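Chains as they are written, first to last, in the entry's author numbering: chain B, 1 to 437; chain A, 1 to 437. Beta carbons: idealized from backbone N, C-alpha and C, even for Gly.
There are 2 protein chains.
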Amino acid sequence: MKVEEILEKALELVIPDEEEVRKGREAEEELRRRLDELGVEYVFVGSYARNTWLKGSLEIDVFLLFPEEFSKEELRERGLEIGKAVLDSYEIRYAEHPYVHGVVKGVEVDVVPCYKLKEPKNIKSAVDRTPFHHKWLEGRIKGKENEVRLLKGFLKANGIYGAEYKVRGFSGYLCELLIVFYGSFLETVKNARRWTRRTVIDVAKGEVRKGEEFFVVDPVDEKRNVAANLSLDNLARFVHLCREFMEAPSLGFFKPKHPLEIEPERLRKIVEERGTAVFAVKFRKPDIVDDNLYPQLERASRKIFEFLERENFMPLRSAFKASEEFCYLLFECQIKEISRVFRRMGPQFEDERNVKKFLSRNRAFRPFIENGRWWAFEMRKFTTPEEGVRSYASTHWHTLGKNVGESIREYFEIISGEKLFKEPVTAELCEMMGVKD
Amino acid sequence: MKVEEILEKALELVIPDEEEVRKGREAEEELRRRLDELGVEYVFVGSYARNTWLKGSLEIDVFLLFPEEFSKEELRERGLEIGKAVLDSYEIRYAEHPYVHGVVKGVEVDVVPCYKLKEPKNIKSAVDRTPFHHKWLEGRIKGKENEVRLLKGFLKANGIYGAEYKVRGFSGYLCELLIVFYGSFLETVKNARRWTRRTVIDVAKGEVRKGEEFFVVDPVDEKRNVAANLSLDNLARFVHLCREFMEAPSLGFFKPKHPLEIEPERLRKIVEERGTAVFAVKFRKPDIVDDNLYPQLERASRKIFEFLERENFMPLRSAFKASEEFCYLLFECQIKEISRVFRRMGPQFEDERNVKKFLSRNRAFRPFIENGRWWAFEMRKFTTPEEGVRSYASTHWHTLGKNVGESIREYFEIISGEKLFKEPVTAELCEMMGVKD
RNA sequence: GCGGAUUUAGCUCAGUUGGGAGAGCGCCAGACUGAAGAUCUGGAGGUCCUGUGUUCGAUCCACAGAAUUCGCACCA
RNA sequence: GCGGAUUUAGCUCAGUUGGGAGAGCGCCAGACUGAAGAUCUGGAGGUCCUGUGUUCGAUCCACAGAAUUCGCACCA
Numbered sequence: 001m002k003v004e005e006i007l008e009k010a011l012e013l014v015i016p017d018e019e020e021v022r023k024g025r026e027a028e029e030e031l032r033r034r035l036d037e038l039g040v041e042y043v044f045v046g047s048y049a050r051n052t053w054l055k056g057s058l059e060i061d062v063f064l065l066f067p068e069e070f071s072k073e074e075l076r077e078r079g080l081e082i083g084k085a086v087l088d089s090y091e092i093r094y095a096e097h098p099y100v101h102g103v104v105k106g107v108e109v110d111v112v113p114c115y116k117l118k119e120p121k122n123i124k125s126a127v128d129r130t131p132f133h134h135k136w137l138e139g140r141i142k143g144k145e146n147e148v149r150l151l152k153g154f155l156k157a158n159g160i161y162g163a164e165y166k167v168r169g170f171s172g173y174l175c176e177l178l179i180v181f182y183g184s185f186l187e188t189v190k191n192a193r194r195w196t197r198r199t200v201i202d203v204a205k206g207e208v209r210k211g212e213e214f215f216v217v218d219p220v221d222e223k224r225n226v227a228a229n230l231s232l233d234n235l236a237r238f239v240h241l242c243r244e245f246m247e248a249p250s251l252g253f254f255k256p257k258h259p260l261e262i263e264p265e266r267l268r269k270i271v272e273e274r275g276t277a278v279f280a281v282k283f284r285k286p287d288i289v290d291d292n293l294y295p296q297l298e299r300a301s302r303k304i305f306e307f308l309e310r311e312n313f314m315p316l317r318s319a320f321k322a323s324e325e326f327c328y329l330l331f332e333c334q335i336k337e338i339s340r341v342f343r344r345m346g347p348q349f350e351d352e353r354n355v356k357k358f359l360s361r362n363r364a365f366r367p368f369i370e371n372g373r374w375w376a377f378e379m380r381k382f383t384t385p386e387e388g389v390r391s392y393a394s395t396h397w398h399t400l401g402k403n404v405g406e407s408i409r410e411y412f413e414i415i416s417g418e419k420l421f422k423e424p425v426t427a428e429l430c431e432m433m434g435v436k437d
Numbered sequence: 001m002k003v004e005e006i007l008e009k010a011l012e013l014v015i016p017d018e019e020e021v022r023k024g025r026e027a028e029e030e031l032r033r034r035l036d037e038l039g040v041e042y043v044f045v046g047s048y049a050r051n052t053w054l055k056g057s058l059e060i061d062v063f064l065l066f067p068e069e070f071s072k073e074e075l076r077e078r079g080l081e082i083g084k085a086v087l088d089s090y091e092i093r094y095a096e097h098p099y100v101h102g103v104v105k106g107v108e109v110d111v112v113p114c115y116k117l118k119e120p121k122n123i124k125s126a127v128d129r130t131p132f133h134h135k136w137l138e139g140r141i142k143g144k145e146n147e148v149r150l151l152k153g154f155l156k157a158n159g160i161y162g163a164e165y166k167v168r169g170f171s172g173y174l175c176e177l178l179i180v181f182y183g184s185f186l187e188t189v190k191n192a193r194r195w196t197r198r199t200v201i202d203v204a205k206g207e208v209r210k211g212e213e214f215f216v217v218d219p220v221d222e223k224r225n226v227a228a229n230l231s232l233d234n235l236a237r238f239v240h241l242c243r244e245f246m247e248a249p250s251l252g253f254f255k256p257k258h259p260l261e262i263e264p265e266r267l268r269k270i271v272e273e274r275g276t277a278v279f280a281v282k283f284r285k286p287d288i289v290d291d292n293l294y295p296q297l298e299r300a301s302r303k304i305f306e307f308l309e310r311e312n313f314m315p316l317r318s319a320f321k322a323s324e325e326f327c328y329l330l331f332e333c334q335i336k337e338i339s340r341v342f343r344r345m346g347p348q349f350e351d352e353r354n355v356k357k358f359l360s361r362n363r364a365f366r367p368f369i370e371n372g373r374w375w376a377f378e379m380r381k382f383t384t385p386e387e388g389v390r391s392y393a394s395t396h397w398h399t400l401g402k403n404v405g406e407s408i409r410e411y412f413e414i415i416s417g418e419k420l421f422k423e424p425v426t427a428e429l430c431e432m433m434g435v436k437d
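See the structure below:
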């Protein structure tokens with residue numbers, strides 16, 4: 001669609017200027033006031049300070065640099081003293097060393113105690129690194145901020161922007177590092193088409209090489225992978241979207257695509273036509289952070305997946321959804337019903353000892369030999385994958401993560417077909433089964 | 001049941017003396033007459049000559065030794081000339097070098113041209129070896145003939161006596177060699193409990209050792225495995241029956257056990273309770289020898305077995321029966337119905353070339369990535385193992401042996417449940433599923 | 001008939017994740033030697049038995065066939 | 001919290017068919033030496049991280065746990 005046109009029309013949905021821009025300055029000014037009132041060494045960092053934040057994603061990050069001659073707890077008292085007096089409403093978030101989150105004029109503000117540490121390698125944790133992150137990008141990104149926003153937008157539209165585990169996609173800082181390295185969104189897109197699972201981007205030397213994993217080198221600390229949270233699968237998605245974009249560019253790569261919103265009638269048909277067993281594990285949501293839940297949900301999903309493999313219902317895919325109330329573990333298998341009878345692996349014919357024991361056990365059918373080894377017909381306790389998972393969930397809850405497993409242990413349901421379609425899992429089911437529009 | 005008593009009561013069902021013993025002598029005498037009438041060098045061998053044949057299993061083996069200074073075809077003319085004149089009704093069976101099979105007074109007689117070859121290593125085929133076989137066992141078996149008959153009886157009662165492929169069990173000559181080696185049936189049974197898949201019995205040296213396969217050394221030619229036809233599985237069966245006999249001896253080890261003879265009503269229930277898919281491939285019997293058909297049937301069964309494994313209906317066992325009219329390939333699977341959808345293995349994400357092609361193909365559902373590799377949902381052409389086999393039989397008949405495959409190629413049926421129970425396959429189905437009485 | 005095993009470099013053979021065609025020996029060269037050899041380096045060297053099919057992709061999966069090899073035995 | 005990787009002989013590590021507990025090094029010995037070393041032979045050497053469970057059978061499969069290790073990050 002001409003390429004450059006859609007790049008510019010995308011900006012009116014990317015660039016903030018819903019006149020929150022000034023609300024930033026207003027809060028900043030106000031923030032700058034009260035802060036200079038207490039004579040503290042302070043820095044504005046993150047999205048706001050570089051004028052790089054997305055439309056609606058307004059956030060002030062304030063990092064309070066504290067003398068390189070104090071102690072952990074002496075900065076503690078301070079961050080509090082300050083945060084409180086400068087913010088309008090507050091909470092305390094402790095991380096690895098605590099910080100104050102609050103609100104100034106409807107703008108989410110992050111008041112954070114730091115160190116006036118000037119120059120790296122003398123770093124203790126991830127927090128003290130962001131000032132340097134800002135420092136290095138400051139002045140080296142000036143002018144190219146729009147191109148960053150395009151990248152972000154591109155990634156958000158297809159749901160791979162973010163460092164949080166719910167996404168495992170691209171971190172903002174990474175995006176910035178990228179735009180810097182290539183020159184613009186596009187020159188990034190072009191080269192991304194040639195990325196591999198072993199492609200390494202050292203921004204510090206301006207060099208591209210092959211390593212062991214996909215690695216983007218932090219120009220501040222060359223021991224740091226900025227793209228550490230980028231999952232294997234997401235990276236590939238990005239690469240493929242870059243190949244798909246260049247060949248036939250369109251604006252639909254920048255619009256966030258919306259729910260397919262189906263009726264139970266069309267979904268049941270798909271299932272029927274698929275001839276697959278579709279079911280889910282429902283259980284109440286344990287009240288914990290997002291960056292804890294999804295990892296557990298994933299682990300939980302995987303084990304059940306692995307289970308149904310062992311018991312040979314042959315699952316296709318697995319999916320998960322977390323509402324404000326419950327959690328759902330979705331599964332589609334190739335086997336609706338398995339036989340009650342199965343092969344039980346018995347001893348080689350020579351080990352008379354073990355033979356007898358194996359034979360001493362009482363069964364409904366005679367054991368036999370095949371390839372110089374005994375085998376026996378025995379009975380399963382479950383015939384459908386629903387029945388099997390029920391057995392598994394009830395007996396092997398503990399392995400399904402700490403909080404998730406406990407929530408299942410205490411209670412769970414298994415929902416099949418028409419009943420399940422009524423649950424808020426429509427979107428993911430379609431995504432799991434790969435339904436067209 | 002006392003042990004020795006049942007050994008003696010078994011003999012009245014083992015020792016011939018249904019007064020066919022004299023019919024032997026009568027025919028022998030008559031045979032000896034006409035033969036000496038033509039001045040031929042002749043020998044009586046096999047079961048009859050040693051008085052070792054089973055009750056009802058009466059057969060005269062006559063091997064016509066011919067001068068060690070003739071040629072293949074010059075003996076040929078002779079065997080005929082002789083066979084005809086001495087037998088009452090005849091056929092010609094060609095083997096590797098032909099022979100005359102016929103009847104003298106209702107007794108199946110085998111008139112065979114040989115060589116007066118005295119002493120081995122100058123042998124050409126299996127036929128010229130039997131005189132030496134008889135020669136070596138003659139006089140070294142005298143007195144111990146009853147003990148041989150016990151062994152035979154033991155093996156026949158449980159259906160592992162015979163060198164023909166329908167059985168793949170113990171050859172008579174082998175049994176004799178055994179009784180000779182240990183001393184009696186029992187001393188054979190005791191030691192057989194300690195046989196392995198690598199136990200070697202050299203009768204010539206009177207020695208037991210370990211080799212590579214189960215090997216019984218022919219005292220005549222030490223390059224010959226007498227137990228070559230003994231299948232792995234049958235050997236084990238024998239060994240296990242020897243262990244089972246010594247621990248609790250009973251006469252039921254000598255009675256041939258009879259059909260379980262079931263109704264369709266009890267069989268359907270078992271199937272239902274088993275929850276398994278049971279079906280068979282029916283097709284007309286190609287008119288060929290037994291030692292050709294069963295090998296093919298086996299091969300045929302196996303491939304179908306292997307197929308259902310590939311397509312994951314997960315078969316349990318496989319069985320075959322050959323009537324005077326049709327042949328049956330019986331199968332029991334763990335999967336009655338499989339989903340219409342399956343995983344299609346696609347390329348790794350890097351090989352852009354192959355990616356596109358894989359994606360160019362049209363499907364009902366979107367392809368995806370998992371572990372850096374593309375996968376696609378596609379449709380099977382069959383949902384039940386019956387449907388699948390139908391597809392397989394029709395497309396892959398040729399591999400199912402020469403004659404068998406051709407018979408299926410031209411025609412076949414697949415029969416399920418109630419319909420199949422009406423077919424003469426009741427016994428084997430019970431044997432395949434391991435049903436109790 | 002019949003069945004199993006085998007078929008990848010000149011020789012002898014590995015090769016299982018369906019994506020890299022390999023080792024040893026032989027041959028050529030380099031290093032080393034006074035020489036040659038022995039050792040270390042390296043290089044060249046291919047109809048993965050043939051055909052067709054399955055697959056995005058084939059030494060590998062399927063079918064047909066070929067060749068080598070061992071045995072099976074019918075006979076009964 | 002949160003996740004992954006790892007845990008087999010004194011050290012460093014193989015170990016995939018669920019049935020044999022292994023290699024290299026180290027140590028002792030034999031052979032060889034004038035000696036010792038170097039090489040070849042061999043031997044000893046084990047809580048397969050623990051527990052419980054599955055199985056005829058447990059390094060291998062399942063659950064709980066431990067320890068080592070790397071990273072995840074929430075924060076928003």
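For residue i, return the contacting residues in chain B, with the cut-off set at a CB-CB distance below 9 Å.
i      : result
A:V341 : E273, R274, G275, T276, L316, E332, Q334, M433
Let's see if you can read the secondary structure: which residues bound the alpha helix (DSSP H) around residue i?
i      : result
A:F154 : 145-157
A:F66  : Counting along the chain, A:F66 falls outside any alpha helix (DSSP H), and DSSP gives it neither H nor E.
B:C242 : 232-247
A:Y392 : 385-395
With a threshold of 8 Å between beta-carbons, can residue i be considered close to chain A, or not?
i      : result
B:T196 : yes
B:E306 : no
B:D233 : yes
B:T383 : yes
B:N312 : yes
B:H258 : no
B:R268 : no
B:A236 : yes
Does DSSP classify residue i as helix, strand or coil?
i      : result
A:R168 : coil
A:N403 : helix
B:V103 : strand
Assuming residue i contacts residue j under a Cβ cut-off of 8 Å, what Cβ separation, rounded to an integer in Å, is found between them?
i      : j      : result
A:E91  : A:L65  : Wrong, their Cβ atoms sit about 22 Å apart, outside the cutoff.
B:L137 : B:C175 : Actually they do not touch by this definition, with Cβ atoms about 11 Å apart.
Give the range of the beta strand (DSSP E) segment to which residue i is assigned.
i      : result
B:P347 : 341-348
B:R284 : 277-284
B:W136 : It is not in any beta strand (DSSP E) - B:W136 instead sits in the alpha helix (DSSP H) that spans 130-137.
B:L38  : Element bounds for B:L38: n/a, residue is neither H nor E.
B:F215 : 215-217
A:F44  : 42-45
Is residue i close to chain B, meaning its C-beta is less than 8 Å from at least one C-beta of that chain?
i      : result
A:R366 : yes
A:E298 : no
A:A319 : no
A:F181 : no
Which residues in chain B sit within 7 Å of residue i, going by Cβ to Cβ distance?
i      : result
A:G388 : Those do not exist, as A:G388 stays about 14 Å from chain B at its closest Cβ, beyond 7 Å.
Find the residues of chain A that neighbour residue i, judging by a C-beta separation of less than 9 Å, and give them in chain order.
i      : result
B:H240 : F349, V355, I369
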